[PDB]
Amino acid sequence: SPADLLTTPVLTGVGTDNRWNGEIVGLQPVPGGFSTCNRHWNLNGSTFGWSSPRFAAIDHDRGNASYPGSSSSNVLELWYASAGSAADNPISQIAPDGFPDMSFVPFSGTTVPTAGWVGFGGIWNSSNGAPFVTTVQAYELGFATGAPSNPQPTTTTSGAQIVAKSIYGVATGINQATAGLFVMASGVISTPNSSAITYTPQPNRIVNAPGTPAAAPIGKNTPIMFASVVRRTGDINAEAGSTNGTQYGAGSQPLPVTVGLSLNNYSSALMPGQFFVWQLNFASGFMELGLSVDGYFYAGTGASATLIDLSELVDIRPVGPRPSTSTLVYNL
């Protein structure tokens, strides 16, 4: 039984999302539908992604590193490689374990990109493993085509490039035909100013491998993402509330669910066309969440795009397998 995949602490402040590793504080309905594969598991014990259910480091030993111009001081460092070149990754060769499933947002000069996945790290020497210490910075990572001259976002891994570019000037730029990338897997969201932006990533920014099943509305049941509070570059101190607006990152699954799914095969527990349902009991009222065999979560919220605050969630109780066509209860 999948019942213990989702227990009360998973959604009441201990559980984190599988994209940003932020504490989950809300449920974000996606009436338009979405797809996610990276660090996403199904109930048949499998992933279409390239990442294990953890947040460690991103490591790739063979990419092209460069900076523009003839002055090496305070420059934007650019790193890129082909998708499918991650030979050292046992899960998938598509990308290094932990590389974010987000499309690259191009920028140059003094522009800081909006809604990029950003991580801290730098370039290192492919021949001996030594870091290029003058290249440490915050880097936006994403999938693109057209690097290095004109990188543009792409949402498919097939034929893509994996790109890292420092959003601020590094101490001294480095030009290497072959160089390593090392970036911490726990990301923040890039903003050019103190203002928060919409939940990130939006569905059209998510990068997916071929064959990734889509999450679509089933009747009045709508797929959701799990909203967490995520740091943003424009106002790094900002956390939940009051301070200049709240920034949400979103993930397809709670990481504890992803971990459990990765350790187990739940094929006997649930049939296709079924949800495993939990009841979420709030201080006043309650709602149901449903989990499909493809590993997507649903709510009975229909066309609504309004975020559901989990601040008053009290406990979670298993309901069991139900028809995916049965509208999930929403009494909030």
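Note that residue numbering follows the sequence shown and begins at 1.
Visitor: Look up the CA B-factors in the entry and say which stretch, 238-246 or 146-154, has the higher mean.
Guide: Going by the record's values, the stretch with the higher mean is 238-246.
Visitor: Per the PDB record, is the mean Cα temperature factor higher over 307-315 or over 21-29?
Guide: Mean C-alpha B-factor is greater for 307-315.
Visitor: For the CA B factor values reported in this entry, which option in 221, 103, 73, 135 has the top one?
Guide: Answer for 221, 103, 73, 135: 73, with the highest C-alpha B-factor.
Visitor: Maximum C-alpha temperature factor per the entry, among 78, 196, 83, 230, belongs to which one?
Guide: Among 78, 196, 83, 230, the PDB entry lists the largest C-alpha B-factor for 196.
Visitor: Among the modelled residues of this chain, does the Cα B factor of residue 69 put it in the lowest, middle or highest third?
Guide: Within its chain, residue 69 is a highest-third residue by C-alpha B-factor, going by the deposited values.
Visitor: Ranking the modelled residues of this chain by C-alpha B-factor as given in the entry, is residue 275 in the lowest, middle or highest third?
Guide: Bottom third by C-alpha B-factor.
Visitor: What third of its chain, lowest, middle or highest, does the C-alpha temperature factor of residue 173 fall into?
Guide: Lowest third of the chain for residue 173's C-alpha B-factor.
Visitor: So where's residue 53 on the chain's Cα temperature factor ranking, which third?
Guide: It falls in the middle third of the chain.
Visitor: Which third, lowest, middle or highest, does the C-alpha temperature factor of residue 116 belong to within its own chain?
Guide: Its C-alpha B-factor, which the entry lists for residue 116, ranks in the lowest third among residues of this chain.
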